[PDB]
Structures are given as C-alpha cells and as structure tokens.
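Trainee: Structure in structure tokens, see below.
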Amino acid sequence: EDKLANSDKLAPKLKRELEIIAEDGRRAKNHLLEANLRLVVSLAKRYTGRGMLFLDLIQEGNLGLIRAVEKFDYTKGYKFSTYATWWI
DNA sequence: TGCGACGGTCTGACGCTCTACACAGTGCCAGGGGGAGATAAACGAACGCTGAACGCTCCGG
C-alpha cells in the first residue's frame, strides 16, 4: 500500500496486485485484532469497578491495542502479548 | 384462526411538617509545548525647575 501510494507510474496489473496484497494485509490487521480481543478483555476486567464501565474500558483498551499493532515488529523475537500489555 | 395461558410490561400504591445524613478494596517516568509569574529597557508624556517678566500698590526720599 505504500508503493501504490507513491505517484510513480507502474503497471496497472502490478497496482492491482499491490492492492490485493494491501487487502490481505488489512485482513491480517483484523485477524490479529480479533485474536487479541480476549487479552484486552482480560486486562480491562483487571481495571474494572472504579467508576468507569466495563465495556468502555474494553473499547479504550482496544484503541490501545490497535496502537500496539501499529507499533509492533517481528524483528524482535518476542510474543505479541508481552508487548501489547504495556499499551493496554 | 380460535383458544387460554404464558408472559412481559406498566402503572400507582391519601396528605402535610416536627423531624432531615451520610456515603468505603489493585503502575511509572521521560521528553516536549504554553503560560503563569519576574526582569530591565523603551518611546512618549507631563511633570518640575529655571526665576524671568508684567503689573500692581506701595512707603517714600
């Protein structure tokens, strides 16, 4: 999606393939997010019962978790949970 | 479709004062942006000093 975001002229079939890869990447974004909904629910129930509703805490942690997945890299050899927990 | 019945939904449940009260278990710091207060200077203003100067009654030789 970064390559197709550029203004350089490429093949239209190549741009279609890049859009397909971008759609697959967005599907991966989703799949990771519904993978980690359970852990953000657990860490939100860790912080409940203090004047703020449970589902509000879950959704705010979900915002923190999409922040986490925006700032996650595979170069460091650690699991997603221990890095996501700080942002949650 | 007619049947009860099963169920949810919804409502108020006389009136006032004398009286009448308050509310509780789970992280942490660094980097950076704004405006509050102190500073010393500045352009302009008017504020004083300079007695001088005009004019008066004046006691007067």
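Just so we're on the same page: first chain in the structure tokens is A, next is B, and so on; residues restart at 1 for each chain, and ligands are numbered from 1 in the order they show up.
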Could you please select, counting only C-alpha atoms (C1' of nucleotides), the residues of chain A within 12 Å of chain B and state them as a CSV table (one decimal) with C-alpha atoms, in the first residue's frame?

Mentor:
```csv
chain,number,residue,atom,x,y,z
A,45,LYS,CA,-11.5,-6.7,33.6
A,46,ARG,CA,-8.3,-6.2,35.6
A,47,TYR,CA,-9.1,-2.5,35.8
A,48,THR,CA,-12.9,-2.5,36.3
A,49,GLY,CA,-15.2,-1.5,39.2
A,50,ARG,CA,-13.6,2.0,39.7
A,86,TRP,CA,2.1,-2.2,28.2
```

Trainee: As a PyMOL selection string, please: every residue in chain A that a backbone DSSP assignment puts in helix (DSSP H, G or I).

Mentor: chain A and resi 2-5+12-45+54-70+80-87

Trainee: Atom CA of residue 1 of chain A to atom CA of residue 18 of chain A: how many Å, to one decimal?

Mentor: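 These two atoms are separated by 6.5 Å.
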
Trainee: Taking into account only C-alpha atoms, which residue in the set A:83, A:58, A:44, A:3 is nearest to residue 22 of chain A?

Mentor: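 Among the listed residues, A:3 lies closest to residue 22 of chain A.
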
Trainee: Report as number ranges by chain all protein, DNA and RNA residues lying within 12 Å of residue 21 of chain A, evaluated on only C-alpha atoms (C1' of nucleotides), omitting residues in the same chain fewer than 5 positions from it.

Mentor: A: 1-4, 14-16, 26-28

Trainee: Could you tell me how far atom CA of residue 88 of chain A sits from atom CA of residue 64 of chain A, in Å to one decimal place?

Mentor: 5.3 Å
